[PDB]
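Q: Sharing a structure, written as structure tokens. Questions coming.
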DNA sequence: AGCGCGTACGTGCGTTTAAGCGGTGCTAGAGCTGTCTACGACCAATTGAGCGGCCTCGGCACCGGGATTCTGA
DNA sequence: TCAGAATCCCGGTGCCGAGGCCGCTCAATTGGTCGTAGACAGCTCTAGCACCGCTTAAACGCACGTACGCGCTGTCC
């Protein structure tokens, strides 16, 4: 393969086929799919870290879409990468404007 | 006629639009009507702005279209005002717009 | 007894922010979908997943909208959202003219 | 003597600056601000004089829009005077950070 | 050295449109920028369209639907009619 | 039936690397699959911008490196650039 | 089918949106708002259907249409 | 020569002229400072991307084009400078 | 800040239809195979397009004057 | 309300560097060639969906029940 030789789980050949057959350029230089697969794997781990932490804090073994949305909105840079983005079955952060009380 | 433009009824270069659709990495293969249709669309959209801009040049007592007239040429159409909403024209500025509560009573 | 007006709304906000369930009844939504689509093309089928996707985007858009809305109300010092807030909201987003 | 009233000349200034399109920040100070920002991102940059006027055209168009939207926030808050809070709401709503 | 520009075609169109009207180098400039943006918008959505249909080839079909996705409704009608006339005229000519 | 692809298995593998004793739902699986394809498209579209903007008919690891600094926020970008470079470091050394 | 978007469904959406108090004109406003929104997505979605030579408007047809207009929903083959 | 405080070279009348083009009748004194803030955040965004295109181009001259690319990334497309 | 008008709220009871289970219509969603048009690649040709040119015209600049109208008595 | 000056508007003349249209050169665009595989076509099998219907069981709707908000009217700073 190429994944064990790069130190990756993610499929380098799948990523490279999409770089050529996605029409992004004439030619694609063979470090590109390994550097890209590593970034996709890193970002995958960065979501799953905070989503696994959320699943544990929500007392669950299985990651549901709630845990993905909460992980993405708990972190500024995930929310900045994912600002226009929205998640199926995700909900919102708990937030009430502090003027709203029984009084 | 030799030029693809003439065969099409266009001023816009069907050859260069062809070259660019190839150089620009959009698909493997390019059709032959794709340029002609796109060149007519570019020629239309440019003629739309140039019409409204020549009218705005006349509204400025001007013989030369300057960017003030191009901004009017976008903003005087409800629809070009949408297409070029999130676009800035150098020296286009803003139309005169003063809010009704600010004016003296 | 009687809960003071506004007390249970706070309770309900907590309930709905905590939950990720869909808030529009899916058959009334789906019938309005097919109407709006009908307007575009006749004799159209829709995947169940296709409807959901419209559903999820529509519900999430309105919540964020209401988010932003409620802000425009409190900017006027109001608690009550009014059509002017939405209007200003959209306006600023540049959706509406 | 003569003295125009508070808020008479203000609209004469709006009318003046909306009839014209030339930029409203000075060129040498704006270029020095671009040098100053750019130096902290990468030392020993060079700038095409056209590039800086781009940045200025882009920035003054940005802020006029902004102001635009800020004035609406003050008006919606029943105010003739813009304040940091209007700006703040505007940006929030625009999705700015 | 050869810097390519739509300056001449924009002149011809402007002269059909307002024969007694010139264009400033800034005005021009702007218009030439708009040509490349409209080209990139339509070719990008036609490339999406291609892609989305497991299709190897951008045809005026693509370009047509892309113009319908991109342009607002009255602007779309006129862009479409110039497109459909031009292809029909080209291949028969 | 279609042999429809997904990143399912590799996302699972990576979940084990961060949280060994944790699992994932189908609903969540999709959204992770979705996230990968969207980020792939946003980075490859920027690498295609770098290719066009620099004449070269080619996307290299450098076009990816810059596309990653363009797309991602600063600390996310720093980490992604480190992992991208580290993966290439083992890889180009191997045959 | 506009009143099928129920008054309590709008109350639920507004309460999730952090709203204690809803003015009576909001319910019809939210319906106009939502109609416009669905309009926009269904228009571009159909367009992809039209282009696909299909009678089933697909999920992908909707996902492309959302993803054109900002509003990037993940989960439906993203 | 070192560079310092050139943000205050964005002047009170320059900020006022812009708010007047923006249709503003009355300016609270606290706006002027806020404005600078926003503008700094603004220019930082665009210049970081433009410099990132200049860096990738193996150049040190930030070009009209690099500016123009950055804006278009930021959804602020600009005509008059190329592209 | 005060002063006045009346709207959203929360709560008991009365009224509707969505959830979701269920199904056959009849498909048309998606798959796959052999044909030929069409496009990429090509060759070789002279045009089409661009930058160098050159001159003033349409613009911008300076100055006097009338026109508008705000604000002072 | 008349009275004045202030800034706006305008008319001119006046001076000139930017653009309108021409030119002449070279690589881009075109005239007619190939080879090849895309796509059309068009037939196949068959999820998946259509939208109708039903029994159920919550949710919708309505009137109710009263409180706290909207927002104008005033005044000071």
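To match Swiss-Prot, the residue numbers of chain C are left as they are there, and the shown ones run 40-136.
Using the three backbone atoms N, Cα and C, a Cβ is placed for every residue, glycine included.
The following feature annotations were taken from Swiss-Prot:
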type	residues	note
MOD_RES	C:57	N6-crotonyllysine
MOD_RES	C:57	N6-acetyllysine
MOD_RES	C:57	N6,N6,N6-trimethyllysine
MOD_RES	C:65	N6-(2-hydroxyisobutyryl)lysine
MOD_RES	C:80	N6-methyllysine
MOD_RES	C:80	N6,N6,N6-trimethyllysine
MOD_RES	C:80	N6-succinyllysine
MOD_RES	C:80	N6-(2-hydroxyisobutyryl)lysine
MOD_RES	C:80	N6,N6-dimethyllysine
LIPID	C:111	S-palmitoyl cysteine
MOD_RES	C:116	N6-glutaryllysine
MOD_RES	C:123	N6-succinyllysine
MOD_RES	C:123	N6-glutaryllysine
Q: Tell me the Cα distance separating residue C:111 (S-palmitoyl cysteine) from residue C:65 (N6-(2-hydroxyisobutyryl)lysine), rounded to the nearest angstrom.
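A: The separation of the Cα atoms works out to 30 Å.
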Q: Quick check for the class: what is the C-alpha distance, in angstrom and rounded, between residue C:116 (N6-glutaryllysine) and residue C:123 (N6-succinyllysine)?
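A: With distance taken Cα to Cα, residue C:123 (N6-succinyllysine) is 13 Å from residue C:116 (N6-glutaryllysine).
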Q: Any idea what the Cα distance is from the residue listed as 'S-palmitoyl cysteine' over to residue C:80 (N6-methyllysine), rounded to a whole Å?
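A: About 38 Å separate the Cα atoms of these two residues.
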Q: Return the residues near residue C:123 (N6-succinyllysine), defined as same-chain residues 6+ apart in sequence whose C-beta is under 8 angstroms from its C-beta, sorted by sequence, else 'none'.
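A: Long-range Cβ contacts: C:111, C:115.
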Q: Would you identify which of the modified residues C:65, C:116 has the most other C-beta atoms lying within 10 angstroms of its C-beta?
A: C:65
Q: So which of the modified residues C:57, C:65, C:80 end up next to chain D, with Cβ to Cβ under 8 Å?
A: none
Q: Quick one: what's DSSP say for residue C:65 (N6-(2-hydroxyisobutyryl)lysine), helix, strand or coil?
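A: DSSP assigns residue C:65 (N6-(2-hydroxyisobutyryl)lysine) to helix.
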Q: Determine the most Cβ-crowded residue among the recorded positions C:57, C:111, using a 10 Å radius around each Cβ and all protein chains in the structure.
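A: By the 10 Å Cβ neighbour count, C:111 comes out on top.
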Q: Select from C:57, C:65, C:80, C:111, C:116, C:123 the recorded positions whose C-beta atom falls under 8 Å of at least one C-beta in chain G, and return them in sequence order or as 'none'.
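A: Correct list, in sequence order: C:80.
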Q: Would you count the other CB atoms within 10 A of the CB of residue C:80 (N6-methyllysine), including those on all shown protein chains?
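A: So the number of other Cβ atoms within 10 Å of residue C:80 (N6-methyllysine) is 14.
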Q: Filter the modified residues C:57, C:80, C:123 down to the ones with a Cβ under 8 Å from chain A's Cβ atoms, keeping sequence order.
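A: Sorted by position along the sequence, the hits are C:57.
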Q: Just to verify a number: CA distance, the residue listed as 'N6-crotonyllysine' to residue C:80 (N6-methyllysine), in angstrom, no decimals.
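A: Between the alpha carbons of the residue listed as 'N6-crotonyllysine' and residue C:80 (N6-methyllysine) there are 39 Å.
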Q: State the three-class DSSP label for residue C:80 (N6-methyllysine), counting H, G and I as helix, E and B as strand, and everything else as coil.
A: coil
